[PDB]
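All remarks here apply to the structure that follows.
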Amino acid sequence: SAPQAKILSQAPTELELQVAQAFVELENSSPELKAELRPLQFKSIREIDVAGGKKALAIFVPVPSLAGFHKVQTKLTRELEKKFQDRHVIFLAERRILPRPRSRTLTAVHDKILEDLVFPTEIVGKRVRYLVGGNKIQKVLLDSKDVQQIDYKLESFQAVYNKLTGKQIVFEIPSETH
Amino acid sequence: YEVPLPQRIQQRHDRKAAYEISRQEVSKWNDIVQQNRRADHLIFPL
Amino acid sequence: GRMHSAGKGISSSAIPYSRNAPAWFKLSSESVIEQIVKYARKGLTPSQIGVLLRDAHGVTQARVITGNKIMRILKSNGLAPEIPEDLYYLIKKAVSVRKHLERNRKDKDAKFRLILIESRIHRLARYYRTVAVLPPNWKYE
Amino acid sequence: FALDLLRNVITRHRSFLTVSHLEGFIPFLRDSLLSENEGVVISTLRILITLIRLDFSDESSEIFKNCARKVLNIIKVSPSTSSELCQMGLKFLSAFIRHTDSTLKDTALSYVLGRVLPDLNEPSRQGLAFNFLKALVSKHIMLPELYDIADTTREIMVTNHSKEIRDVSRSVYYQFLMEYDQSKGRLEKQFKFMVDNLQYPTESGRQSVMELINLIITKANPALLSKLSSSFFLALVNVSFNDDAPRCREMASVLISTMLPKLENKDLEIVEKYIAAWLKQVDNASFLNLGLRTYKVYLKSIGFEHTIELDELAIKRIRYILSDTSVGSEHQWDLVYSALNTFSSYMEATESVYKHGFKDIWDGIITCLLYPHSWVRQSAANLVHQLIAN
Amino acid sequence: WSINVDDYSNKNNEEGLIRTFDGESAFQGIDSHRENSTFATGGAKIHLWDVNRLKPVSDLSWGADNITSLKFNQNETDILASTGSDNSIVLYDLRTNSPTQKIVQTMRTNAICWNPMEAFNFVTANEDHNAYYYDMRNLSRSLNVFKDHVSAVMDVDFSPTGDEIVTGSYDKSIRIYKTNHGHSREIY
Amino acid sequence: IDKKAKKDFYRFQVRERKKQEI
Amino acid sequence: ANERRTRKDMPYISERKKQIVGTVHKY
Amino acid sequence: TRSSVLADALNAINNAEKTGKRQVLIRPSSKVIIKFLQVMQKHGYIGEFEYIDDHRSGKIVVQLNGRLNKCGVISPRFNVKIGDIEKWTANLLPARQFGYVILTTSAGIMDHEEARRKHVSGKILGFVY
Amino acid sequence: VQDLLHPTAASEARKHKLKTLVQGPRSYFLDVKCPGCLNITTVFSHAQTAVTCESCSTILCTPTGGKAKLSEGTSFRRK
């Protein structure tokens with residue numbers, strides 16, 4: 001399969017092309033995972049820095065396909081990490097915000113972007129502390145399902161969330177001391 | 001070389017190394033402290 | 001908290017904080033929907049059907065798994081109730097009470113328990129008339 | 001208004017951009033830099049950076065020294081480096097040391113270098129952080145911290161994603177190693193660092209270092225090149241032979257291709273020894289794959305018939321591999337594919353293939369036309385197409 | 001600020017504000033390094049300040065949690081401890097310019113005091129009507145526990161003798177405890 | 001499931017009953 | 001004490017350690 | 001039945017300061033409760049407080065330093081003109097400048113001295129002193 | 001005296017489901033294997049119907065007031 005087939009955008013970016021060659025290479029190597037990988041196709045790519053200095057590959061994908069991506073995002077994501085090391089691979093859906101887009105819809109889409117990011121792990125909660133001076137500290141409490149992997153990724157999640165939603169957050173994982 | 005670990009993970013190791021150093025250097029005060037505890041009488045200032 | 005009674009019971013269900021489908025859940029949303037219509041075609045209600053899917057199919061919540069409430073799934077496939085479920089069982093409940101009174105006229109408490117029921121029906125029937133789910137001309141019995 | 005009008009004028013009209021014309025404005029520029037409002041200071045930095053290229057008299061040159069003191073003080077009061085006004089200050093300091101002969105105190109520069117270090121890694125404040133740093137190596141200023149920074153700019157090369165930081169950090173560390181005085185043991189350590197960095201896990205990291213190789217290979221002394229010839233060659237063929245990234249494998253071959261011609265006669269002899277030994281290892285099929293592939297790199301760099309013995313070894317291996325292509329053959333599809341590829345390169349190099357002696361190999365090639373693996377068929381088809389043409 | 005004092009009559013003013021340091025966020029604690037002029041402020045972030053510099057010299061912080069109180073060491077003066085609203089105690093060392101350790105506590109701790117006679121020992125005023133005595137090197141446990149208050153302990157101080165500790169609580173009483181004894185000997 | 005099934009709950013059910021009624 | 005009569009596996013919790021929840025650096 | 005969630009919050013805070021509690025839990029939460037809390041917070045009557053959101057009405061936790069001599073809600077929420085404000089400060093505050101009267105104006109819910117500063121007015125929510 | 005911000009982990013488990021800091025269900029599902037056909041079926045912990053194996057139509061569990069009692073011989077796992 002050609003890499004451009006995997007790319008929904010008519011004009012594929014060079015980074016987007018590279019991830020497409022990676023994905024079709026996984027299709028060819030895979031004996032049967034191709035049957036799941038082949039139908040999957042992503043809309044685009046955005047490579048975003050982090051305070052840690054690494055980068056994150058945000059792959060924009062359709063939601064009905066995003067379900068199938070979530071079915072296979074573990075194997076696919078570790079493989080993409082191997083092919084592109086020092087870049088955090090994350091799949092996020094592209095979902096409409098235009099009716100200027102409405103503010104309530106924007107809060108909603110931001111929070112879905114948050115759950116899609118924290119995948120494979122799940123959000124335990126959301127906390128907000130209001131400082132005596134007036135500062136607000138926003139924290140998201142995550143489960144310990146894949147504590148090690150996300151612990152290697154919390155800052156990347158933070159940078160992508162600030163970049164996309166324009167909000168400052170801190171991801172914490174209860175049940176251990178970080 | 002090896003790929004850089006995330007700063008908090010890197011810095012966690014940096015903190016742990018710092019805490020070990022902080023322990024040894026405060027431990028230098030142990031010898032006088034045991035002397036004060038064993039001293040029959042302390043006349044201030046020491 | 002109960003009206004028509006002094007009970008203060010609080011027993012209920014606790015929706016989980018997470019609104020996403022469980023990770024272990026590995027069944028297609030469409031295969032859920034075809035199960036929904038089949039049970040409704042058999043004659044089962046939105047209340048019972050949710051018990052069956054939750055009990056035997058791992059469907060924690062129809063809205064969470066499929067993204068839509070079950071009534072909307074049934075309505076989308078052409079299956080809707082004549083009257084809202086809450087009212088229908090209230091009507092059958094009163095009918096069973098009434099049928100009881102003809103045979104046994106000295107059931108004076110059942111006469112009271114009757115009164116509590118249609119008063120509940122009038123309040124429920126009134127609300128459903130305001131929102132237009134129930135046609136305005138509708139009256140109980 | 002005055003500063004904005006003045007800067008526009010001198011840029012538009014070159015003749016006004018002269019020492020005699022702009023000498024009078026010097027007392028205003030020094031005062032404007034110290035002005036309270038942030039905007040006028042930012043404008044003052046830009047015009048001053050425009051005039052540093054201009055030569056100035058003794059009285060008209062003291063502004064840049066005094067200017068340098070305030071922009072330093074400006075950076076101290078700035079809360080964070082990622083500021084519009086603070087960026088201008090670092091831009092002038094870089095431009096100040098670049099062209100003005102006068103230099104700031106060591107202590108002040110060390111403070112800036114410390115503030116610059118966190119921004120080196122962040123892509124947004126990347127470029128300005130490096131541009132100041134490149135001035136330091138450019139003027140060959142001797143500081144203790146730069147040796148540490150030399151180490152930091154090396155880890156950030158092979159351990160980072162961004163292609164921009166590879167392009168910029170590659171320049172500085174290449175200049176630093178070739179310019180700053182260093183002890184021989186440390187140089188060997190730097191080359192041992194680099195060879196291991198060819199074994200780096202990340203594809204981009206291995207990608208990054210090969211320019212550092214290519215820079216050494218393209219521009220280096222013959223004596224230095226001779227010493228590192230054997231070490232680079234064995235490392236380069238290793239990455240070329242087995243690597244997750246195909247792109248790294250071709251690039252390693254390209255580096256060897258541009259390497260071998262520059263080798264000395266003796267150094268090329270060790271290369272011939274290694275290839276000949278690998279071909280000799282008939283027992284191990286993997287070594288034959290390594291031996292045939294490096295022979296392809298051997299051709300088109302030094303050319304055919306430079307060493308006859310190695311050519312005979314490749315042909316005998318090719319004759320052996322292509323002969324046993326039946327069902328009973330134990331040869332892997334990789335080995336037959338490798339044999340055909342090297343034969344194609346051998347075919348281009350010399351016309352001896354058309355002699356009667358090679359007809360046995362040609363019959364094998366025709367047999368490989370219907371080989372089960374598709375890749376073997378494609379290589380055989382190309383070989384036959386050349387046979388039909390010639 | 002500067003205040004005229006009458007300890008000595010070797011001279012004879014300038015009493016009033018001397019310098020002001022502006023901060024991005026509110027400050028909730030302050031202490032000064034004993035040997036040198038540097039002082040640390042506990043705001044939304046723990047900051048190290050120099051007298052001759054208006055901006056914070058160094059930024060210390062383990063994470064996003066705020067700092068409620070802080071107290072510099074007296075003997076090994078390069079070490080600093082701070083208290084966070086996330087029920088945590090954080091140790092710092094200036095020689096490394098980085099945090100060293102935390103232990104997350106069940107309840108918040110309002111105040112700390114470090115023993116002037118034992119550099120590695122400190123007491124913490126806690127919200128559970130208790131005050132806890134700690135050893136710096138092994139913080140997995142406490143050295144002693146003081147449990148005679150009935151409301152939250154707000155402040156704690158070591159005597160310069162180092163043998164006695166006083167605790168202030170919200171229950172309208174001051175209790176003063178011997179370091180080796182777990183119960184108050186006096187109530188004021 | 002059979003005992004909990006209702007003969008008259010949905011739109012189509014009474015219409016089936018209405019069909020048989022006449 | 002009433003529970004201690006039946007449930008087999010109870011660690012005695014030291015009074016000096018009940019009030020610690022966790023430590024980042026284990027030793 | 002619930003009539004004023006803000007009323008419940010203020011009564012809970014008052015009882016918590018009565019019984020010496022260093023923390024108080026408020027349910028349900030709302031922007032009006034929240035903005036009231038930053039007003040008190042900025043005046044120093046209360047300290048740190050945290051919002052626990054549970055996908056539902058929510059919870060607030062407020063730290064108390066014992067400096068709240070009263071917090072009350074004026075129900076029903078009368079309309080107040082600029083000329084009326086001083087009357088309210090006379091009726092609800094034991095002294096002139098000790099404690100503050102909260103107005104929701106076209107600019108939001110804030111105390112009263114800011115209201116004379118921006119020359120804004122609106123409906124009354126309560127008092128704090 | 002307790003910290004509602006940071007209750008001990010054991011405390012919530014002991015507390016009623018609706019009274020915790022963030023309320024959530026205390027129930028769960030199970031992977032129960034049919035004794036007859038060895039197939040695996042998902043069953044709710046407090047399942048309110050006599051869940052039957054679709055292949056064998058064999059009773060796997062019976063409803064009760066609280067948790068449904070798993071039929072004798074039916075192996076299970078927490079899912």
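Each chain in the structure tokens gets a letter, A, B and so on, in the order shown; residues start at 1 in every chain, and ligands are counted from 1 in the order they appear.
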What residues in chain C lie within 9 Å of chain A, counting only C-alpha atoms, written as a ChimeraX atom specification? /C:17-18,20,23,26
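Interface residues on chain I toward chain E (cut-off 8 Å, only C-alpha atoms): residues 1, 2, 3, 6, 7 and 8 of chain I.
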Export N, CA, C and O atoms of the chosen residues as an mmCIF file, in the first residue's frame?
```cif
data_model
loop_
_atom_site.group_PDB
_atom_site.id
_atom_site.type_symbol
_atom_site.label_atom_id
_atom_site.label_comp_id
_atom_site.auth_asym_id
_atom_site.auth_seq_id
_atom_site.Cartn_x
_atom_site.Cartn_y
_atom_site.Cartn_z
ATOM 1 N N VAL I 1 -10.244 13.360 63.886
ATOM 2 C CA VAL I 1 -9.756 14.373 62.959
ATOM 3 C C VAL I 1 -9.199 13.692 61.711
ATOM 4 O O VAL I 1 -8.421 12.741 61.806
ATOM 5 N N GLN I 2 -9.613 14.176 60.542
ATOM 6 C CA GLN I 2 -9.218 13.573 59.277
ATOM 7 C C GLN I 2 -9.093 14.657 58.217
ATOM 8 O O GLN I 2 -9.619 15.763 58.364
ATOM 9 N N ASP I 3 -8.383 14.320 57.141
ATOM 10 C CA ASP I 3 -8.166 15.225 56.017
ATOM 11 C C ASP I 3 -9.041 14.770 54.856
ATOM 12 O O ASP I 3 -8.742 13.769 54.199
ATOM 13 N N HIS I 6 -7.278 14.334 51.498
ATOM 14 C CA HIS I 6 -6.474 13.128 51.318
ATOM 15 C C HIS I 6 -6.884 12.061 52.328
ATOM 16 O O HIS I 6 -6.112 11.724 53.237
ATOM 17 N N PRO I 7 -8.094 11.512 52.208
ATOM 18 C CA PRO I 7 -8.456 10.370 53.051
ATOM 19 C C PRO I 7 -7.550 9.184 52.770
ATOM 20 O O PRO I 7 -7.064 8.997 51.652
ATOM 21 N N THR I 8 -7.323 8.379 53.802
ATOM 22 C CA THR I 8 -6.553 7.157 53.623
ATOM 23 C C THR I 8 -7.284 6.218 52.673
ATOM 24 O O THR I 8 -8.517 6.206 52.614
#
```
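Within the 7 Å cut-off around residue 1 of chain E, using only C-alpha atoms and omitting residues fewer than 5 positions from it on the same chain, the listed residues are residues 16, 17 and 18 of chain E.
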Selection to disk with N, CA, C and O atoms, as a CSV table (one decimal), in the first residue's frame:
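See again04.csv below for the written result:
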```csv
chain,number,residue,atom,x,y,z
E,16,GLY,N,13.0,53.4,57.5
E,16,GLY,CA,11.9,53.3,56.6
E,16,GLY,C,12.2,52.2,55.6
E,16,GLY,O,13.1,51.3,55.8
E,17,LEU,N,11.5,52.2,54.5
E,17,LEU,CA,11.7,51.2,53.5
E,17,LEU,C,13.0,51.4,52.8
E,17,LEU,O,13.4,52.5,52.4
E,18,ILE,N,13.7,50.3,52.5
E,18,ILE,CA,15.0,50.3,51.9
E,18,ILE,C,14.9,49.7,50.5
E,18,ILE,O,15.3,50.3,49.5
```
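In this structure, the chain I residues at most 7 Å away from chain C are residues 24, 25, 42, 43, 44, 47, 48, 49 and 51 of chain I, with only C-alpha atoms considered.
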I need the residues from that last selection saved to file as a compact mmCIF listing (two decimals), in the first residue's frame (with N, CA, C and O atoms), if you can.
```
# COMPACT_ATOMS: atom_id res chain seq x y z
N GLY I 24 -18.50 6.35 43.33
CA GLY I 24 -18.45 5.43 42.21
C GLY I 24 -19.01 4.07 42.59
O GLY I 24 -19.17 3.76 43.77
N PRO I 25 -19.31 3.24 41.60
CA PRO I 25 -19.90 1.93 41.90
C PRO I 25 -18.91 1.00 42.58
O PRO I 25 -17.71 1.01 42.28
N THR I 42 -19.68 -12.98 30.09
CA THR I 42 -19.60 -11.83 30.99
C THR I 42 -20.85 -11.77 31.85
O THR I 42 -21.98 -11.82 31.33
N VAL I 43 -20.67 -11.66 33.16
CA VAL I 43 -21.77 -11.62 34.11
C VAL I 43 -21.54 -10.50 35.11
O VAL I 43 -20.42 -10.31 35.60
N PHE I 44 -22.60 -9.76 35.42
CA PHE I 44 -22.55 -8.70 36.41
C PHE I 44 -22.50 -9.27 37.82
O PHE I 44 -23.13 -10.28 38.12
N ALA I 47 -25.69 -9.42 39.25
CA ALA I 47 -26.53 -9.71 38.09
C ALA I 47 -27.93 -10.12 38.53
O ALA I 47 -28.10 -10.95 39.42
N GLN I 48 -28.93 -9.53 37.89
CA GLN I 48 -30.30 -9.67 38.35
C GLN I 48 -31.11 -10.67 37.54
O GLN I 48 -32.32 -10.80 37.78
N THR I 49 -30.49 -11.38 36.61
CA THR I 49 -31.16 -12.41 35.83
C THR I 49 -30.36 -13.70 35.91
O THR I 49 -29.14 -13.68 36.11
N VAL I 51 -28.44 -15.69 34.40
CA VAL I 51 -27.66 -15.65 33.16
C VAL I 51 -27.41 -17.06 32.67
O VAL I 51 -26.99 -17.94 33.43
```
Could you go through segment 1-66 of chain I and tell me which residues DSSP, when run on the backbone, assigns to strand (DSSP E or B), listing them as a VMD selection string? chain I and resid 29 to 33 40 to 44 52 59 61 to 62
How about saving the chosen residues, N, CA and C atoms kept, as a PDB file, in the first residue's frame?
```pdb
ATOM      1  N   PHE I  29     -17.814  -6.699  37.046  1.00  0.00           N
ATOM      2  CA  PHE I  29     -18.238  -7.767  36.154  1.00  0.00           C
ATOM      3  C   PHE I  29     -17.324  -8.967  36.360  1.00  0.00           C
ATOM      4  N   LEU I  30     -17.709 -10.107  35.784  1.00  0.00           N
ATOM      5  CA  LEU I  30     -16.925 -11.330  35.885  1.00  0.00           C
ATOM      6  C   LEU I  30     -16.898 -12.068  34.554  1.00  0.00           C
ATOM      7  N   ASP I  31     -15.765 -12.716  34.283  1.00  0.00           N
ATOM      8  CA  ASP I  31     -15.634 -13.704  33.214  1.00  0.00           C
ATOM      9  C   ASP I  31     -15.876 -15.079  33.820  1.00  0.00           C
ATOM     10  N   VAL I  32     -17.077 -15.614  33.615  1.00  0.00           N
ATOM     11  CA  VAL I  32     -17.457 -16.927  34.125  1.00  0.00           C
ATOM     12  C   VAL I  32     -17.398 -17.919  32.973  1.00  0.00           C
ATOM     13  N   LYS I  33     -16.754 -19.059  33.209  1.00  0.00           N
ATOM     14  CA  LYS I  33     -16.624 -20.095  32.196  1.00  0.00           C
ATOM     15  C   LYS I  33     -17.702 -21.151  32.406  1.00  0.00           C
ATOM     16  N   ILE I  40     -16.634 -18.734  27.744  1.00  0.00           N
ATOM     17  CA  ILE I  40     -16.555 -17.655  28.725  1.00  0.00           C
ATOM     18  C   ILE I  40     -17.683 -16.669  28.457  1.00  0.00           C
ATOM     19  N   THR I  41     -18.365 -16.248  29.521  1.00  0.00           N
ATOM     20  CA  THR I  41     -19.470 -15.304  29.442  1.00  0.00           C
ATOM     21  C   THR I  41     -19.257 -14.186  30.452  1.00  0.00           C
ATOM     22  N   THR I  42     -19.681 -12.977  30.086  1.00  0.00           N
ATOM     23  CA  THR I  42     -19.601 -11.834  30.985  1.00  0.00           C
ATOM     24  C   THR I  42     -20.855 -11.770  31.849  1.00  0.00           C
ATOM     25  N   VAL I  43     -20.666 -11.658  33.164  1.00  0.00           N
ATOM     26  CA  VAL I  43     -21.772 -11.621  34.112  1.00  0.00           C
ATOM     27  C   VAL I  43     -21.539 -10.499  35.114  1.00  0.00           C
ATOM     28  N   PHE I  44     -22.604  -9.762  35.419  1.00  0.00           N
ATOM     29  CA  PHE I  44     -22.546  -8.696  36.410  1.00  0.00           C
ATOM     30  C   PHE I  44     -22.497  -9.269  37.821  1.00  0.00           C
ATOM     31  N   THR I  52     -27.695 -17.287  31.388  1.00  0.00           N
ATOM     32  CA  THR I  52     -27.610 -18.602  30.774  1.00  0.00           C
ATOM     33  C   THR I  52     -26.552 -18.595  29.682  1.00  0.00           C
ATOM     34  N   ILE I  59     -27.715 -22.679  33.277  1.00  0.00           N
ATOM     35  CA  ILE I  59     -27.701 -21.621  34.280  1.00  0.00           C
ATOM     36  C   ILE I  59     -26.280 -21.432  34.786  1.00  0.00           C
ATOM     37  N   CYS I  61     -25.628 -18.464  36.856  1.00  0.00           N
ATOM     38  CA  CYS I  61     -25.757 -17.709  38.091  1.00  0.00           C
ATOM     39  C   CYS I  61     -27.235 -17.545  38.413  1.00  0.00           C
ATOM     40  N   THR I  62     -27.526 -17.251  39.681  1.00  0.00           N
ATOM     41  CA  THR I  62     -28.890 -17.056  40.143  1.00  0.00           C
ATOM     42  C   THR I  62     -29.006 -15.722  40.872  1.00  0.00           C
TER      43      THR I  62
END
```
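The residue set within 9 Å of segment 39-46 of chain C, counting only C-alpha atoms and dropping same-chain residues fewer than 4 places from it, reads residues 34, 35, 50, 51, 52, 70, 71, 74, 79, 81 and 85 of chain C; 1, 2, 4, 5, 6, 7, 8, 9, 10 and 13 of chain F.
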Mind dumping a table of every chain I residue within 9 Å of chain H, with the nearest atom pair and its distance in Å to one decimal, using only C-alpha atoms, sorted by chain and rising number, as a tab-separated table?
```
residue	atom	partner	partner_atom	distance
I:3	CA	H:23	CA	8.4
I:4	CA	H:61	CA	8.1
I:5	CA	H:61	CA	7.8
I:21	CA	H:52	CA	8.0
I:22	CA	H:54	CA	5.9
I:23	CA	H:54	CA	7.8
```
Report as a tab-separated table (two decimals) with C-alpha atoms, in the first residue's frame the set of chain B residues whose atoms approach chain G to within 12 Å, with distances computed over only C-alpha atoms.
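This went into out-v4.tsv:
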```tsv
chain	number	residue	atom	x	y	z
B	9	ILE	CA	12.70	11.03	35.95
B	12	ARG	CA	14.23	12.44	40.46
B	13	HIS	CA	17.58	10.67	40.13
B	14	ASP	CA	19.31	14.04	40.57
B	15	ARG	CA	17.28	14.67	43.72
B	16	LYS	CA	18.08	11.19	45.04
B	17	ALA	CA	21.79	11.77	44.41
B	18	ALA	CA	21.47	15.14	46.17
B	19	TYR	CA	19.70	13.58	49.16
B	20	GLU	CA	22.50	11.02	49.54
```
Between atom CA of residue 250 of chain D and atom CA of residue 237 of chain D, distance in Å (one decimal): 10.4 Å
I want to know what sits within 10 Å of residue 140 of chain C, based on only C-alpha atoms, with residues of the same chain fewer than 6 positions away left out; could you give that as an mmCIF file with N, CA and C atoms, in the first residue's frame?
```
data_model
loop_
_atom_site.group_PDB
_atom_site.id
_atom_site.type_symbol
_atom_site.label_atom_id
_atom_site.label_comp_id
_atom_site.auth_asym_id
_atom_site.auth_seq_id
_atom_site.Cartn_x
_atom_site.Cartn_y
_atom_site.Cartn_z
ATOM 1 N N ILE C 91 -50.309 3.043 35.629
ATOM 2 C CA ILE C 91 -51.669 2.726 35.200
ATOM 3 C C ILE C 91 -51.994 1.266 35.490
ATOM 4 N N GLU C 118 -53.410 7.312 41.930
ATOM 5 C CA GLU C 118 -53.806 8.193 40.831
ATOM 6 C C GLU C 118 -53.339 9.620 41.086
ATOM 7 N N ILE C 121 -50.373 9.516 39.507
ATOM 8 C CA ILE C 121 -50.624 9.504 38.068
ATOM 9 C C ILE C 121 -50.986 10.900 37.573
ATOM 10 N N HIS C 122 -51.833 11.619 38.317
ATOM 11 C CA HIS C 122 -52.201 12.971 37.902
ATOM 12 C C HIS C 122 -50.981 13.881 37.835
ATOM 13 N N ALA C 125 -49.001 12.510 34.894
ATOM 14 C CA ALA C 125 -49.733 12.803 33.668
ATOM 15 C C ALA C 125 -49.703 14.293 33.356
#
```
Go through chain A residue by residue and, counting only C-alpha atoms, keep those with an atom at most 9 Å from chain B; for each kept residue give the shortest atom pair and its distance in Å to one decimal, ordered by chain and increasing number, as a Markdown table.
```
| residue | atom | partner | partner_atom | distance |
| --- | --- | --- | --- | --- |
| A:51 | CA | B:7 | CA | 8.6 |
| A:52 | CA | B:7 | CA | 5.6 |
| A:53 | CA | B:6 | CA | 8.6 |
| A:54 | CA | B:6 | CA | 8.3 |
| A:85 | CA | B:3 | CA | 8.2 |
| A:86 | CA | B:3 | CA | 7.0 |
| A:151 | CA | B:9 | CA | 8.2 |
| A:152 | CA | B:6 | CA | 6.3 |
| A:153 | CA | B:6 | CA | 7.7 |
| A:154 | CA | B:6 | CA | 9.0 |
| A:155 | CA | B:6 | CA | 7.8 |
| A:178 | CA | B:12 | CA | 8.3 |
```
Could those residues be written to a file, using N, CA, C and O atoms, as a PDB file, in the first residue's frame?
```pdb
ATOM      1  N   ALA A  51       8.258  20.739  27.422  1.00  0.00           N
ATOM      2  CA  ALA A  51       9.173  21.325  28.396  1.00  0.00           C
ATOM      3  C   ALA A  51      10.351  20.399  28.667  1.00  0.00           C
ATOM      4  O   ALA A  51      11.467  20.860  28.934  1.00  0.00           O
ATOM      5  N   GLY A  52      10.121  19.085  28.610  1.00  0.00           N
ATOM      6  CA  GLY A  52      11.209  18.131  28.686  1.00  0.00           C
ATOM      7  C   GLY A  52      12.177  18.218  27.523  1.00  0.00           C
ATOM      8  O   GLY A  52      13.284  17.675  27.607  1.00  0.00           O
ATOM      9  N   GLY A  53      11.784  18.886  26.441  1.00  0.00           N
ATOM     10  CA  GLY A  53      12.612  19.047  25.265  1.00  0.00           C
ATOM     11  C   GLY A  53      12.395  18.012  24.187  1.00  0.00           C
ATOM     12  O   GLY A  53      12.867  18.213  23.061  1.00  0.00           O
ATOM     13  N   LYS A  54      11.700  16.916  24.480  1.00  0.00           N
ATOM     14  CA  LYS A  54      11.367  15.957  23.442  1.00  0.00           C
ATOM     15  C   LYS A  54      10.218  16.520  22.600  1.00  0.00           C
ATOM     16  O   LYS A  54       9.821  17.679  22.748  1.00  0.00           O
ATOM     17  N   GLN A  85      12.119   7.342  17.584  1.00  0.00           N
ATOM     18  CA  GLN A  85      12.469   7.502  18.986  1.00  0.00           C
ATOM     19  C   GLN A  85      12.698   8.975  19.307  1.00  0.00           C
ATOM     20  O   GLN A  85      13.009   9.791  18.435  1.00  0.00           O
ATOM     21  N   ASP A  86      12.533   9.308  20.583  1.00  0.00           N
ATOM     22  CA  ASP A  86      12.591  10.658  21.129  1.00  0.00           C
ATOM     23  C   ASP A  86      11.369  11.474  20.713  1.00  0.00           C
ATOM     24  O   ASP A  86      11.319  12.675  21.006  1.00  0.00           O
ATOM     25  N   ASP A 151       4.206   7.661  33.138  1.00  0.00           N
ATOM     26  CA  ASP A 151       5.199   8.398  33.913  1.00  0.00           C
ATOM     27  C   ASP A 151       6.368   8.812  33.031  1.00  0.00           C
ATOM     28  O   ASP A 151       7.002   9.846  33.271  1.00  0.00           O
ATOM     29  N   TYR A 152       6.660   8.027  31.994  1.00  0.00           N
ATOM     30  CA  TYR A 152       7.623   8.457  30.985  1.00  0.00           C
ATOM     31  C   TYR A 152       7.028   9.428  29.966  1.00  0.00           C
ATOM     32  O   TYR A 152       7.723   9.791  29.011  1.00  0.00           O
ATOM     33  N   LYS A 153       5.773   9.861  30.141  1.00  0.00           N
ATOM     34  CA  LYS A 153       5.073  10.655  29.137  1.00  0.00           C
ATOM     35  C   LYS A 153       4.276  11.833  29.693  1.00  0.00           C
ATOM     36  O   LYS A 153       3.740  12.611  28.897  1.00  0.00           O
ATOM     37  N   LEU A 154       4.201  12.005  31.018  1.00  0.00           N
ATOM     38  CA  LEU A 154       3.332  13.033  31.596  1.00  0.00           C
ATOM     39  C   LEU A 154       3.633  14.421  31.040  1.00  0.00           C
ATOM     40  O   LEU A 154       2.712  15.162  30.670  1.00  0.00           O
ATOM     41  N   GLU A 155       4.911  14.793  30.966  1.00  0.00           N
ATOM     42  CA  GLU A 155       5.255  16.120  30.468  1.00  0.00           C
ATOM     43  C   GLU A 155       4.840  16.286  29.011  1.00  0.00           C
ATOM     44  O   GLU A 155       4.404  17.369  28.603  1.00  0.00           O
ATOM     45  N   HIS A 178       5.383  10.406  43.261  1.00  0.00           N
ATOM     46  CA  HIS A 178       6.286  10.957  42.254  1.00  0.00           C
ATOM     47  C   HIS A 178       6.793  12.336  42.668  1.00  0.00           C
ATOM     48  O   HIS A 178       6.342  12.901  43.664  1.00  0.00           O
TER      49      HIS A 178
END
```
Compile the contact shell of residue 149 of chain E as number ranges by chain: residues with an atom at most 12 Å away, counting only C-alpha atoms, same-chain residues fewer than 2 positions apart removed. E: 125-131, 145-147, 151-154, 166-177, 182-184, 186-187
Would you list, as a PyMOL selection string, the residues of segment 6-154 of chain A that end up in helix (DSSP H, G or I) under DSSP run on this structure's backbone? chain A and resi 6+14-29+34-37+63-83+103-118+147-151+154
Residue 128 of chain H surroundings by only C-alpha atoms, 6 Å radius, close-in-sequence under 2 positions cut, as a ChimeraX atom specification: /H:70-71,99-100
Please produce a file of the residues just selected, as a PDB file, in the first residue's frame, where the atoms kept are C-alpha atoms.
```pdb
ATOM      1  CA  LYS H  70     -19.851  36.224  60.334  1.00  0.00           C
ATOM      2  CA  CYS H  71     -20.937  35.365  56.808  1.00  0.00           C
ATOM      3  CA  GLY H  99     -16.732  43.627  56.833  1.00  0.00           C
ATOM      4  CA  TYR H 100     -18.129  44.095  53.406  1.00  0.00           C
TER       5      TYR H 100
END
```
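In this structure, atom CA of residue 130 of chain D sits 16.3 Å away from atom CA of residue 83 of chain D.
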